[PDB]
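Undergrad: Dumping the structure here so I can ask a few things about it.
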Amino acid sequence: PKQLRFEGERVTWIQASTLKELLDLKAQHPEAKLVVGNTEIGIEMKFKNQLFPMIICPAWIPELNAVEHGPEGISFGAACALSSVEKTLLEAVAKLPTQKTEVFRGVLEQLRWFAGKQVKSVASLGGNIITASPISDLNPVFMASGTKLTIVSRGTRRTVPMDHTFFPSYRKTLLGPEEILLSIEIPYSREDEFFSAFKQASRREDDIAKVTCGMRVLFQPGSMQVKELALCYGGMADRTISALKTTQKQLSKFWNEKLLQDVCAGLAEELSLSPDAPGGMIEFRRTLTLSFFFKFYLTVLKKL
Amino acid sequence: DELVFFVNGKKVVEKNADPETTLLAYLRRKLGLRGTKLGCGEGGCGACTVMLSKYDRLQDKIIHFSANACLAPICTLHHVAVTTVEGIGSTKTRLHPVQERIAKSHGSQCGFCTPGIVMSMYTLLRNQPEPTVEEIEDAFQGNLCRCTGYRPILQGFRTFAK
Amino acid sequence: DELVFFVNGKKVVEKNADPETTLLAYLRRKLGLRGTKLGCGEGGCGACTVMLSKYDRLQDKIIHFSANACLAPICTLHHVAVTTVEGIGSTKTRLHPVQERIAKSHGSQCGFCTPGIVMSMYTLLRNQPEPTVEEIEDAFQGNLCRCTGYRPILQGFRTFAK
Amino acid sequence: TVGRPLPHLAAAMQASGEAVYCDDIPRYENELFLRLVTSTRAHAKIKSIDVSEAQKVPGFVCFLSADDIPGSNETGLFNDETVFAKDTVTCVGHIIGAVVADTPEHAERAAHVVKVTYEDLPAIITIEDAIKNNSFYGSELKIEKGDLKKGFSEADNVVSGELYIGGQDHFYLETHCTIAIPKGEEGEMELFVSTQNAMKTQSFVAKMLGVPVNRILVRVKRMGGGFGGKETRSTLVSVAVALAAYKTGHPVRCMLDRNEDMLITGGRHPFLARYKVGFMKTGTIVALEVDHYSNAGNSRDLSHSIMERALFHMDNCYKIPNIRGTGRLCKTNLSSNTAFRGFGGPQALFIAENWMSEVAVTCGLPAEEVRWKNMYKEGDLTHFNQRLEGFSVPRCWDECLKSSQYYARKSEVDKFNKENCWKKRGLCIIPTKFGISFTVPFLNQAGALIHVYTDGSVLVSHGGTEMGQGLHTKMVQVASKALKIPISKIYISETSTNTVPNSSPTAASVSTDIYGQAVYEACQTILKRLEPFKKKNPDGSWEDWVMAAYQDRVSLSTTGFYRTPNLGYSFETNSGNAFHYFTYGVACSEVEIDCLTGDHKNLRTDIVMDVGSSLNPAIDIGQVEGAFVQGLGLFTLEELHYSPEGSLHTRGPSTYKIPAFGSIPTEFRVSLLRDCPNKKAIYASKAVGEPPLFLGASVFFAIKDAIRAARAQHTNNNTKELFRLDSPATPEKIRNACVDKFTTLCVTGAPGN
Amino acid sequence: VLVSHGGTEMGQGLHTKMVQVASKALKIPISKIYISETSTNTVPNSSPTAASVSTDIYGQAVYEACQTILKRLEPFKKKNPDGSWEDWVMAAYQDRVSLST
Amino acid sequence: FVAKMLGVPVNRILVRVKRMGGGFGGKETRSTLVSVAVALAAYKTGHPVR
Amino acid sequence: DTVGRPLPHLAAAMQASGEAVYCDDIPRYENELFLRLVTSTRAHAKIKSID
Ligand SMILES: Cc1cc2nc3c(=O)[nH]c(=O)nc-3n(C[C@H](O)[C@H](O)[C@H](O)COP(=O)(O)OP(=O)(O)OC[C@H]3O[C@@H](n4cnc5c(N)ncnc54)[C@H](O)[C@@H]3O)c2cc1C
Ligand SMILES: Nc1nc2c(c(=O)[nH]1)N[C@H]1C(S)=C(S)[C@@H](COP(=O)(O)O)O[C@H]1N2
Ligand SMILES: Nc1nc2c(c(=O)[nH]1)N[C@H]1C(S)=C(S)[C@@H](COP(=O)(O)O)O[C@H]1N2
Ligand SMILES: O=c1[nH]c(=O)c2nc[nH]c2[nH]1
Ligand code: MOM
Ligand code: MOM
Ligand code: FES
Ligand code: FES
Ligand code: FES
Ligand code: FES
């Protein structure tokens, strides 16, 4: 299986066969666009009028396609199709015990009413994550769960749990210009750890103003007392954000009526929208942020 | 380099692949297989549905999955085999049961979304010969029909469950 | 080597001339100027009559002569300028008097031989603007017409003498 | 086979991908491609157009503008449009010109790269701007019956208010499409279009080219959907591609991408309505005053006729003694809005069902009791003084109540709502009637043309176009019955302007009626002519008769024609028939809403339509199902959204949501009403195309019921309050009206409740 | 006006002669009339164009066709004696009379 | 003759004749030796043929 | 009324310019194919094989 090269009117396409080839081509040409399923790039060239004169397709590279079951969680190469993610994860949910599968089930909810068998069969994971759509339905989940990301460039290799710093500005991620996303390990749910994922049913502007969230609480052992709390939202800014001030304020607080009141006051304050925020739908958007959390709150209480 | 893929079993050797060419454009306009339709070009309607098959050096097995042709660069398809509506049957030889079913069930009115629903269903059957009512209904989140109201299609295809 | 000639004033750069290509085939089928007709392919009917112009490094002058396009290899035409029936007039802009004359005189019936007679006469006029009845009548030994009985053509063209 | 469930004649070819649509036609060796160049400004002066960079694009052939047109640049139904824009653009999709190139791709690159330089002009975008800027086409249309002061004096309660219903995109799976072939002689041209209107395609091309209509041939095999958007608007592509063909002397084609189509082609008219209803504590309506405003966009097109059908349907199925309905067409800087399945009926009918639902709340009575009390009786006159004969709604209504088990399921609902706190259910039952006939009397005409060949086989041709509704199928059923021969011996190829001239657009749901009739006449003539040979040989076959007629030199070709008798409403006087008859129906629907997200399930729908004696139950059930789900789309799901500057954001499936597989009610039952022959149409049948769409509103109001219930739970305590809910009732609109501890700020701040 | 008939044009001027007849029968300019082609979907079961009788038989068929059109337009002609052919034609379409035969 | 050879009803077959460059009787009937052959080629290959 | 008057053939000018379209002058489709009849070289014979 050798590297192929195609040239046309305006674009050059290199089909890389080896992770070394890929890492080398990105170093030699940091501008080069990576393309797996094309479900995002395709849109950009046709409707948003971008020309990327230079494209690398890493689809063939093993690594990038590998599905590994480590002790922390399940790692997926960045090129695996959302449909593989969904299939691997459906099996995990049905095989392992409930308590270890909160995140997976979060991911699977976002995965439910999302595109179609056609899109999910060719859309990559890494593809979604790196695209950094403000209304990506997955990034809020990976963020709230602290999904570990393995990022590689020629020579260097780092792993980092995804958090708010990973999405710095509109459409930007925190990759260096030579780096590619190698893999993604979705975490196993711990004891005393619960998770939920909700999304606005509908969408009205291209990549803004669709509320979607991942939510995670970790309690002190056998208690109702909060140890970690993460509430991440898409659809409320130009990027996946985290409700850091709100959730910080609730550490070692008890999961009850009062905390509900504080979190909602917090969410209305910190994720507040100006009455001319892009996307409109101001009031509905507020209401989903709190209503989503209320569902989380109520669902956690049942899980407790 | 040469681009090599298959369509309806037939070898395609493209010596001057342009990276910008979508498979839809390639079928309709270079190959003349006009069964696959353009409906939106953004992957939302399914009118361009085809089935792709590649050998996966990993599962051992050959996999079959459905795909949007309006978004699929031919350049991703080296050593992949495409099957279109005209590849599974025809009123000239024999309709595939998927085709005959949608036809006799009044699941096709204007007909422009039919070839892709045929393909979306045909793909499911390739992966699961005896699928559930659950699996049949969900097989079509990526196909839109403006004519039928969907009820007759789902009823026609439900005969493939149990 | 490139083959370069002109057709109705437009440059033609053939990079892969086949020696076996006749001008008729080229006009009709590469250029899609369908006013020149195939009637026999052996030089006997004139349905394929064009005018050719070359600069003659000798007479000094540019010469204009008529030619059978079913028999002219494009390969003999380097630096030659072809003029066809669509090169001298048109109902879309203006008929050349040769065309208008044959029309109004009932010199055209089925009309398949008309382009070549127009061309045969047009050439005569390019070489002699005031020809004699004698020269007009003889200008046509290479054009056959199955329809008219020739009388009306000659009468109509006679108005070019004196 | 008439009355038997015969599958659509093309279905198997459609299932296989052998069925040929416009863009599937093979290309000529020299065929060229066109891409429209289009405004990016709502209202401006065009300062310059620069083609510099488009010229550099490989395969570029030419840029076309207003200057290239040889005949006229004046087009449209009411001559108020440009083929290409000249000095000023009047909306965002306004066509300025077009690039022609050797591939659709090269076309696309070249068009995208044309710089237009603009000079912004004051711009009227909303209905509200149009009113306050007094910006309308024509004057006020009006229907007035009885006497209002005295309706309102006599009235116990008087509810008034304001309502909005959003527009809608056709979303035909196949977008607009034209192939133009210029012949090279005498200005002749042959065109293959996806259009409902081959007669207007022909006129417009010819007017633009400056050539007589007899030089222009328009052929239409089939469409991948029409729903009204190809009644007129198809010509924005056709006329442009024709010009390209004229200018270059080559065949030229265009299919629009979705985003172009949704921008340019126009869709359903949004309506604003300001209303005042007068009623007794009983719920009997005593007076009604409605002013309608439609958002027309930048040309007249069909807007005027749309407002007429709206004014004819402002009563639904309700006897209203004192009634005044006005209508105003707003002239605005937006794509010209056009025909959409229902043609103003849906909008007027929804307005009506809106004040009706409020009457019933205000009176604290159940809705079905109030709807029923107010219903027309056999033989009542409409607010436009037409007699209602064979009014079959009570049958539809009882039968719908019974098989829908409405009174029992209503118990289950109030039950569910007492035991459920953040989820609620609704159930509603709604009638409709829909007038059958074009509002303009001259369009109610139809030709057919039959040849019988000497092998016995038959070629039918008629003015109607096939867009999925199964017109050709039904026509082939009629011929075959009329002629007393198997369907297998008959065929329809296509619609064309050279077989049937001056055809009305395939629209208004009357095509089976009028074309059916024309084919029937055609058949009859063929039957007279064969009679003698049938007598001379009573035991022979059809083929013998046919052969013996040819041997004896009797013509086996004839035209057929039909005129709808007795039409002609007058807006002064307020009398004469507007329609030939009405189609009637009733739907009941049950939804469950989520009060915390505004999301909802459609649990069950039951439908009983009066179609008379269906020519094809399968096709007709198929029409009811289709119409309904598009209505369900209109009222609950589909939303076009514009910038403050008039620029459309919603330009594909990803931001415009038409109904999906899983949208349809979980329990979706449709019945045709039995034993109700219609004397007024071919073989006792009825038009089915447009009339069912409005029954989709049954979900709008079931949702409104569910919202009512959520409010009584979590907000105030008025069993009798009325909140405004506009159309479409999307997730947003639904959530926001579930006023709760969340939508107010919780927190124990304070607001509403 | 679009005239179509069973006869084919091979140089003998059949279409010319048919156009002349239609224009005389209808009492309108030749310029307003056209024949595009001969086709089996406009006139079926046609005898070959032959035997020298085409002007005779097709001429007579076009005459009949014309007559029927003239009957049809008669009322509108009487209602508007001073109007143009185009007025009669338009008035007939508005009144839902067939202009095809 | 096209229909008979293809085995399909006559109503499936459309013949158009704009003009001829001469007939004189030779295209009264004999035209069909080409027509029928070209039609078959069109049938067998599914492409336009001349 | 031009009956009896010497009106020129209606297509003559187009025939004179070469705009008049005959069968072979109709543009070809992208995929259009070409047929050549194979024909006997014998007046009366039994066809024994075709190669
Ligand atoms: C109609 C339809 C519906 C959709 N619905 C949803 C939805 O409901 N929710 C949602 O979240 N998304 C949705 N999407 C978007 C879809 O999930 C993403 O488009 C997809 O995951 C991108 O994967 P791809 O293989 O197509 O990436 P490509 O388009 O091929 O490229 C993706 C981007 O990531 C970069 N990239 C790709 N791989 C790597 C890598 N390994 N390392 C570094 N950079 C990389 C590319 O350069 C590019 O910027 C939808 C798309 C369509 C077609
Ligand atoms: N499948 C399908 N059904 C359809 C349409 C369409 O485009 N596709 N258009 C509708 C509209 S707008 C009308 S007016 C009628 C038109 O056809 P008919 O007159 O034969 O009912 O069918 C309706 N049903
Ligand atoms: N120019 C011309 N004249 C012609 C022919 C022709 O092909 N070209 N055909 C001849 C023959 S064989 C006949 S039978 C008649 C038929 O046409 P008509 O019936 O209009 O005369 O035209 C005659 N004159
Ligand atoms: O003038 C019209 N009147 C109508 O009723 C109608 N319906 C569709 N299109 C129409 N046009
Ligand atoms: O009359 Mo239907 O074309 O909206
Ligand atoms: O032989 Mo002439 O009758 O065509
Ligand atoms: S065209 Fe709509 S998804 Fe491919
Ligand atoms: S039948 Fe027309 S879109 Fe499905
Ligand atoms: S074709 Fe007869 S001379 Fe060339
Ligand atoms: S006109 Fe027929 S050959 Fe001269």
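Protein sequence lines, in the order shown, are assigned to chains A, B, C, D, E, F and G. Per PDB author numbering, residue 224 is the first one in the first sequence, and the count goes up by one each step. Per PDB author numbering, residue 4 is the first one in the second sequence, and the count goes up by one each step. Per PDB author numbering, residue 4 is the first one in the third sequence, and the count goes up by one each step. Per PDB author numbering, residue 572 is the first one in the fourth sequence, and the count goes up by one each step. Per PDB author numbering, residue 1029 is the first one in the fifth sequence, and the count goes up by one each step. Per PDB author numbering, residue 775 is the first one in the sixth sequence, and the count goes up by one each step. Per PDB author numbering, residue 571 is the first one in the seventh sequence, and the count goes up by one each step. The beta carbon of each residue, even a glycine, is placed where N, CA and C say it ideally should be.
#1: Using a Cβ-Cβ cutoff of less than 7 Å, which residues in the same chain neighbour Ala1089/E once the five nearest sequence positions on both sides are dropped?
#2: Check the Cβ of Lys1060/E against every Cβ in chain G and list those closer than 7 Å, keeping chain order.
#3: Let me know the secondary structure DSSP gives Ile156/B once reduced to three states.
#4: Mind listing the chain E neighbours of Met794/F? Cutoff is C-beta to C-beta under 8 Å, in chain order.
#5: How would you label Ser587/D, buried or exposed, when you count the other beta carbons within 10 angstroms and need 16 or more for buried?
#6: Report yes if the C-beta of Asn71/C is less than 7 Å from at least one heavy atom of ligand 9; otherwise report no.
#7: Under 7 Å from any heavy atom of ligand 2, does the C-beta of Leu1042/D make it?
#8: Go to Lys1250/D, then tell me how far its beta strand (DSSP E) extends in each direction, as first and last residue.
#9: I think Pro155/B touches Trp236/A, with their Cβ atoms under 8 Å apart; what is that distance to the nearest whole Å?
#10: Taking 6 Å as the limit between beta carbons, can you name the residues of its chain near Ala701/D, skipping five residues before and five after?
#11: Can you give me the C-alpha to C-alpha distance between residue 1/B and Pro400/A, rounded to a whole angstrom?
#12: Chain G beta carbons: is any one of them nearer than 8 Å to that of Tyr599/D?
#13: Given a limit of 7 Å on CB to CB distance, which residues of the segment 756-768 of chain D reach chain I?
#14: When the Cβ atoms of the segment 70-85 of chain B are set against those of the segment 254-266 of chain A, are three or more pairs found closer than 8 Å?
#15: What does the Cβ neighbour count give for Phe1239/D, buried or exposed, with the cut at 16 atoms within 10 Å?
#16: Name the one or two DSSP bridge partners that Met826/D has.
#17: In whole angstroms, what separates the C-alpha of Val764/D from that of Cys971/D?
#18: Let's test the definition: count the other Cβ atoms within 10 Å of the Cβ of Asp415/A and tell me whether it reaches 16, buried, or not, exposed.
#19: For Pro753/D, list the residues DSSP reports as bridge partners.
#20: Which bits of chain D does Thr1129/E rub up against, with CB to CB less than 8 Å?
#21: Tell me, please, whether the CB atom of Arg804/F is closer than 8 Å to any CB atom in chain G?
#22: Using a Cβ cut-off of 8 Å (strictly closer), state whether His1043/E contacts chain G.
#23: Would you say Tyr592/D reaches chain B, if we count a Cβ-Cβ gap shorter than 8 Å as a contact?
#24: One question on the structure: do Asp727/D and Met851/D come within less than 8 Å of each other, judged by their Cβ atoms?
#25: In three-state DSSP terms, what is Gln273/A?
#26: Counting only Cβ-Cβ distances shorter than 9 Å, please list the residues of the segment 143-157 of chain B near chain A, keeping chain order.
#27: Figure out for me which residue from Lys433/A, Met438/A, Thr470/A has the closest Cα to the Cα of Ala500/A.
#28: Residues of chain D with CB closer than 8 Å to the CB of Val784/F, please, in chain order.
#29: Between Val136/C and the rest of its own chain, which residues show a CB-CB distance below 8 Å, the 5 nearest in sequence each way excluded?
#30: Considering Cα atoms alone, identify which of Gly92/B, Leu128/B, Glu140/B, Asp141/B is closest to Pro118/B.
#31: Run the proximity test for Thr1077/E: is its beta-carbon closer than 7 Å to any non-hydrogen atom belonging to ligand 10?
#32: As a quick check of your reading: which residues have a C-beta less than 7 Å from at least one non-hydrogen atom of ligand 10, in chain order?
TA: Reading it off the structure:
#1: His1033
#2: By Cβ distance, chain G contributes nothing, its closest Cβ being about 12 Å from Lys1060/E, past 7 Å.
#3: helix
#4: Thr1036, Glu1037, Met1038, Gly1039
#5: buried
#6: yes
#7: yes
#8: First-last for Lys1250/D: undefined, no H or E at that position.
#9: That pair is no contact at about 43 Å.
#10: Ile695, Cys901, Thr903
#11: Here chain B comprises residues numbered 4 to 165, so residue 1/B is not present and cannot be evaluated.
#12: yes
#13: The question asks about chain I, but that chain is absent: this structure's protein chains are A, B, C, D, E, F and G.
#14: yes
#15: buried
#16: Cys748/D
#17: 42 Å
#18: buried
#19: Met760/D
#20: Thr1130
#21: no
#22: yes
#23: yes
#24: yes
#25: coil
#26: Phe143, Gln144, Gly145, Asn146
#27: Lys433/A
#28: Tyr1024, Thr1025, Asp1026, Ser1028
#29: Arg161, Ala164
#30: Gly92/B
#31: no
#32: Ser111/C, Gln112/C, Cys113/C, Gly114/C, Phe115/C, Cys116/C, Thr117/C, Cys148/C, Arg149/C, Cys150/C, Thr151/C, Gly1039/E, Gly795/F, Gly796/F
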